[PDB]
There are 2 protein chains.
Amino acid sequence: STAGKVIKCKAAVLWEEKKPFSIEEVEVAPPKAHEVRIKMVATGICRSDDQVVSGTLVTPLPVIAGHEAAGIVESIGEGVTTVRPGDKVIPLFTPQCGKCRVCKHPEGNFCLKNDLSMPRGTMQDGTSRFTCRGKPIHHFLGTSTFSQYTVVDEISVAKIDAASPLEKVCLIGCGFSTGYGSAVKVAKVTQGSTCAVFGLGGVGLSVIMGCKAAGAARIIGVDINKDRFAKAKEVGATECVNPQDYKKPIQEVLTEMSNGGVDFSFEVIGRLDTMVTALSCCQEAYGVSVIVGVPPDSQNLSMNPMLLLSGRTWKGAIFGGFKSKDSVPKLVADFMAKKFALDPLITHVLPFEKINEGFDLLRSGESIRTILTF
Amino acid sequence: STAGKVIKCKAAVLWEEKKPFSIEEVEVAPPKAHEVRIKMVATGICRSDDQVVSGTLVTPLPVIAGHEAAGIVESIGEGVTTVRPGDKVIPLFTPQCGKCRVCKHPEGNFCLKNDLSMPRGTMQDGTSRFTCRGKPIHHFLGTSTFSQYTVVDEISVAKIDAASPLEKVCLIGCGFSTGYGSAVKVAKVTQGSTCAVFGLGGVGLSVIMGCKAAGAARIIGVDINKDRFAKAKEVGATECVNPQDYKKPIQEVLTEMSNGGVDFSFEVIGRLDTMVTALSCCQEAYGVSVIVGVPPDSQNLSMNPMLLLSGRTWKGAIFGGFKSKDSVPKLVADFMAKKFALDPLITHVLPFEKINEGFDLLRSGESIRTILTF
Ligand SMILES: NC(=O)c1ccc[n+]([C@@H]2O[C@H](COP(=O)([O-])OP(=O)(O)OC[C@H]3O[C@@H](n4cnc5c(N)ncnc54)[C@H](O)[C@@H]3O)[C@@H](O)[C@H]2O)c1
Ligand SMILES: NC(=O)c1ccc[n+]([C@@H]2O[C@H](COP(=O)([O-])OP(=O)(O)OC[C@H]3O[C@@H](n4cnc5c(N)ncnc54)[C@H](O)[C@@H]3O)[C@@H](O)[C@H]2O)c1
Ligand SMILES: OCc1ccc(F)cc1F
Ligand SMILES: OCc1ccc(F)cc1F
Ligand SMILES: [Zn+2]
Ligand SMILES: [Zn+2]
Ligand SMILES: [Zn+2]
Ligand SMILES: [Zn+2]
């Protein structure tokens, strides 16, 4: 008895940059044509959400943030054919319209309907389904998961296994898939190679899982927080180094360790300097470096193009290069088949009402992934 | 008769930056172990040699430049097994030692014995085989082809078909292979794709040849000199554009023409601004951009890493990605079998004695490639 009606529910609203989320009542409009309204079951706290609070990732405010989640369909608008009420689903922060040139390309995944390149913070139709204190609130990446209910366009949701544990597979909505895919699909890590992963938070650990699954012989974790090394080795790092321990630049250390440069490097932090360092540490003639971290808004890096002329390949990707709607159900199935592990990424599980505390664990460095439960 | 003795011959010596070459007598020492002394037959004037004169490409002076050439073995040092006196050969400015990690890698070609990354201007043993006015003269990229005779390490020379027309196949020693391989081996241009090529000199025309060979549907030539357009279309460009004709930046023009960005772009000029423009004009999610041009010494470019994070691939390569000693003889065999044409690249021919006039033709923009005959 909620279908077709406005739902009044709790959501975490970000009214302004550099302020705590405000947990309060919002109104969620019913889904229009080709839209899906979801009751949220679990959502992760991803560094990108903090970057929105920090102002380094720009998107229109006020906003309902959150993009890594899973829930259950409450209702569908007219014309929806891929999910039904009661289905378990994961919102897709990168859509898959299936009709654009990128969707049709065998390698591309950054669908042209995304709200990332030039964020509008609305539904595909340019409007919002959220109201709070009488004011319209923006959506974020077409997902907006920090709410007991959200509405998403059909191209931004995927149906998953009805038996999946939503408090774990929400990670397939961002963190896990991004890291894993950056290794196995974007870099295409090869058996017996040497990999270096800069940044050992939730996404970096997933890159390590991918490098191990691809059969890398050496996976060097790189982080300035040594507290992260233990878990990195658990999931597959063979060695870990802290740049702060050395008197010489880390790229020099890594080139020496790998007898001339690594086969694959990954920047999984979001800093301009580590992107160049990661590039440099890969072997100059055949090395490949993948940018995964989201850089600060509007800032350019500076680099010497001879680093590329010698033969290096540099690339970046969103969401591990996975075509989202095709891939997410498959990843959940693979998870149910024990093909990979999600527990090592989860360090804290908190009620949704503790979202601010969850963000504090992330900022302090205490957590890898905190999952919020509704 | 000359075996084991010093040979006195004419060479084009560059005593100082920004000055004409001095054609005068030099002394060329006999080859030491694993060295090969070559009587030169033809050499091309490549933009890189002019960059040495300009000082934008740094290597120790005074020097005998020249690196795109063919000739006939005059004598071999002790232990040489891959060429013999009388064989036709092409010197390799990127060596192939066959032993280092890069030589052993299936994709790499920038052998660690190269004299390009940290140029010393000598033979592999750290010394010079050239004397002029009683002073030692530096080698260039282990080739030094602007001389009637040169001495090269065995790893920097390839034996070619004894019936090869040396005044045409010298281009396989640089210009043609670099461009053609940049398209077919490095970028891996696909059938039906859209390519954009920045710079329509000798190497850019070779990239067009490779794109056409690979089956590209559209090949867009980009150059500020419209006099280059006719020849570009002759070798396969479908359209040519001069950035100076437009009010908007050329990456916007190319993105418009290609309905969202090109599949493959190539920077074949050597400017920092065009490397970034070329990267930008490839499609944001799956585009590939290859840097072929040689940038000014020690200068960094500035770019926004979001260009990569969306999915673009950026890479560069030396000599078309070709393992040099393995590939050169195969490229010559293919030329002899009419698999590709070299004549369209050659616009002028002069005797070696007119090398300065040859450089004037390149600098004025009149020539594509001038071949010098000894
Ligand atoms: N490309 C995408 O689709 C995508 C998806 C998810 C996340 N991201 C980006 O990935 C990055 C990683 O996200 P996360 O959730 O793992 O973040 P996180 O904060 O959990 O991990 C960051 C890690 O980097 C380390 N670090 C910080 N500064 C460092 C330095 N100078 N040198 C070495 N290590 C350093 C930190 O100690 C921490 O362990 C963020 O920028 C995030 O926005 C991108
Ligand atoms: N990677 C390698 O192994 C390798 C090998 C050979 C040459 N190179 C480099 O390749 C580059 C091209 O060599 P080339 O012999 O073809 O040179 P070239 O001078 O014959 O051609 C350069 C072309 O660029 C055009 N151009 C100049 N400025 C431009 C601008 N702003 N926009 C568009 N077009 C512009 C010129 O008009 C000209 O046609 C040089 O930098 C050279 O050193 C690299
Ligand atoms: O973590 C989700 C995410 C991924 C890429 C990006 F550029 C912004 C963003 F929010
Ligand atoms: O044209 C030969 C050549 C190729 C690449 C480079 F970096 C320098 C150089 F001289
Ligand atoms: Zn699409
Ligand atoms: Zn995320
Ligand atoms: Zn080698
Ligand atoms: Zn050259």
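Taking the square roots of 5 times each eigenvalue of the Cα gyration tensor of region A:92-242, largest first, gives ellipsoid semi-axes of 34, 19, 14 Å. Largest GNM mean-square fluctuation across A:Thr81, A:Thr150, A:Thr56, computed for chain A with C-alpha springs under 10 Å, falls on A:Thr81.
Just want to confirm a number: the relative contact order over chain A, from Cα pairs under 8 angstrom separated by 6+ residues, in percent.
18
For each of B:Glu284, B:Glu366, count neighbouring Cβ atoms within 10 Å of the residue's Cβ, then give the residues from fewest to most.
B:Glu366, B:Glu284
Membrane-span-like helices in chain A, defined here as complete DSSP H runs extending at least 27 Å along the helix axis by their C-alpha atoms with mean Kyte-Doolittle hydropathy no lower than 0.5, are absent; this is a sequence and geometry rule, not a statement about a membrane. Under a no-solvent Debye model with one identical scatterer per Cα of region B:187-227, what's log10 I(q)/I(0) at q = 0.16, 0.17, 0.18, 0.19 Å⁻¹? Scattering profile of region B:187-227, log10 relative to I(0): -0.35, -0.39, -0.44, -0.48. Amide H contacts under 5 Å for B:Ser265: B:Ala196, B:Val288, B:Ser289, B:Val290, restricted to partners 5 or more places along the chain or on a different chain, H placed in the peptide plane at 1.01 Å from N. Counting only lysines at least 8 places from B:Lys247 when in the same chain, those with an alpha carbon closer than 20 Å to its own are B:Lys226. The same position A:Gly55 in the other copies lies at 4.5 nm from this copy, comparing label points 7 Å beyond Cα toward the beta-carbon, shortest first. Ranked for footprinting exposure by Cβ neighbours inside 10 Å, fewest first, A:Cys97, A:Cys46 give A:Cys97, A:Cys46. In plain terms, the residue of A:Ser298, A:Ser182, A:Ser147, B:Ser128 with the fewest other Cβ atoms within 10 Å comes first and the most crowded comes last, giving A:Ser298, B:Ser128, A:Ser147, A:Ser182. Summary for B:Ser364: label point 7 Å along Cα→Cβ; distances to the equivalent points in the other copies, ascending, 7.6 nm. Per residue of peptide A:282-290, the mean number of Cβ atoms on other chains within 10 Å of the residue Cβ is 5. Here the dipole of the protein assembly as shown is about 1080 debye; that uses its Cα centre as origin and unit charges on the Cβ of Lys and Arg (positive) and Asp and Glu (negative). Straight-line reach from A:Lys188: taking Cα to Cα under 17 Å and skipping same-chain neighbours fewer than 8 places apart, the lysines in range are A:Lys212, A:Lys315, A:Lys323, B:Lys188, B:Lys315. Within region A:134-217, the trypsin sites (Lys or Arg not before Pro) that combine a DSSP coil assignment with at most 16 other C-beta atoms in a 10 angstrom radius are A:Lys188. The Cα atoms of the protein assembly as shown define a convex hull whose projected area, averaged across directions, is 33.1 nm².
Using the Cβ-Cβ distance between B:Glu78 and B:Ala341 with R0 set to 35 Å, the FRET efficiency works out to roughly 0.30.
Max-minus-min Cα coordinates of region B:179-317 on each principal axis give 36, 29, 29 Å, with the largest extent listed first.
What net charge do the residues around B:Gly201 carry, taking every other residue with its C-beta under 14 Å from that of B:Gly201, with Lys and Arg at +1 and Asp and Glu at -1? Net charge around B:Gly201: 0. Our analysis of chain B gives Rg over Rh at 0.97, with the two radii drawn from alpha carbon positions and Rh computed by the Kirkwood formula.
Counting only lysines at least 8 places from B:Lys5 when in the same chain, those with an alpha carbon closer than 30 Å to its own are B:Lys32, B:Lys39, B:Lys88, B:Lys113, B:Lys135, B:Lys159, B:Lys325, B:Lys354. Taking the Cα centre of region A:1-105 as origin and assigning +1 to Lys and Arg Cβ atoms and -1 to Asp and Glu Cβ atoms, the resulting dipole is close to 400 debye. Working note: Karplus 6.51/-1.76/1.60 with θ = phi - 60° gives region A:314-319 the couplings 10, 8, x, 7, 9, 6 Hz, where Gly and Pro are set to x.
Stokes-Einstein diffusion for region A:114-173, with the hydrodynamic radius set to the Kirkwood value over Cα pairs and evaluated at 20 °C in a medium of 1.002 mPa s, equals 165 µm²/s.
Here is how far apart the B:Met336 label points are across copies: 6.3 nm, shortest first, using a point 7 Å from Cα toward Cβ. Sparse packing (at most 13 other Cβ atoms within 10 Å of the Cβ) combined with a DSSP loop state is found for the following trypsin sites (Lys or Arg not before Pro) in region B:17-83: B:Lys18.
Each value in this text was obtained by applying a stated rule to the coordinates, not by laboratory testing. For neighbour counting, all protein chains shown are included, and Cβ atoms are generated from backbone atoms with ideal geometry for every residue, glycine included.
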